[PDB]
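Shown here is one chain on its own, the form deposited in one PDB entry, set out as structure tokens.
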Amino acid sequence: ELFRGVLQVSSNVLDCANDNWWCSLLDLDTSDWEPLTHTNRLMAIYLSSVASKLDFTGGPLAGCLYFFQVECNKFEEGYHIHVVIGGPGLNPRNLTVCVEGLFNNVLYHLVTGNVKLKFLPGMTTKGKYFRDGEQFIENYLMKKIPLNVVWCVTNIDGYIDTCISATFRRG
């Protein structure tokens, strides 16, 4: 059982990227992927940085399974990040504040000003949080090919290698 939701990264967020974001030394495995350039690369650096921070973050996020996937916004400029996450410390009450706190903590090092993302939990119109995160990964997120999917990070055993494999995602 994993929760899921979406954050937005507007173009104004990308306008505020500092040189530590742009000149990141992170080299990402694109040997089975489309090239990562311009703001697509920035987004890929951010997800990798968020993933690395989460790996070493405890409290409510300790032991959590996560699957992050960033994609372009089809009608407007910018991006959205698909967040599938669950764990023993996470629950419908602290989900938003923990996810938002994590993504904004990492983001703060990469922007010149104060810019804050909003996490919108996947839920019914009566407020029941979605718990179909695993199914959402398998039926939807993993079926996208680059650059419909821009970048992806996960710690889930089923996808550690496949998540950034264009060949896997095609078949």
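Numbering starts at 1 and follows the sequence shown. Only residues modelled in both forms are compared. Here, rigid core means the biggest group of C-alpha atoms that superpose within 1.5 Å across both forms.
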Between the two ranges 33 to 41 and 123 to 131, the one averaging a larger CA B factor in the entry: 123 to 131
44 to 52 set against 24 to 32, stretch whose average Cα temperature factor tops the other in the entry: 24 to 32
Lowest, middle or highest third - CA B-factor, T162: highest
Lowest, middle or highest third - CA B-factor, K74: highest
Ranked against its chain, the third holding the CA B-factor of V149: lowest
Among modelled residues of the same chain, the CA temperature factor third for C16: middle
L110 by Cα B-factor - lowest, middle or highest third of the modelled chain: middle
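Omitted here: the form deposited in another entry. The next part is about that form.
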Cα displacement of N94 between the shown form and the other one reaching 2 Å, rigid core superposed: no
Rigid core fit then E76 CA moved by 2 Å or more between the shown form and the other one: yes
Rigid core superposed: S31 CA moves 2 Å or more between the shown form and the other one: no
Moved residue ranges in sequence order between the shown form and the other one, Cα 2 Å or more, at least 3 long, core fit: 73 to 76, 124 to 127
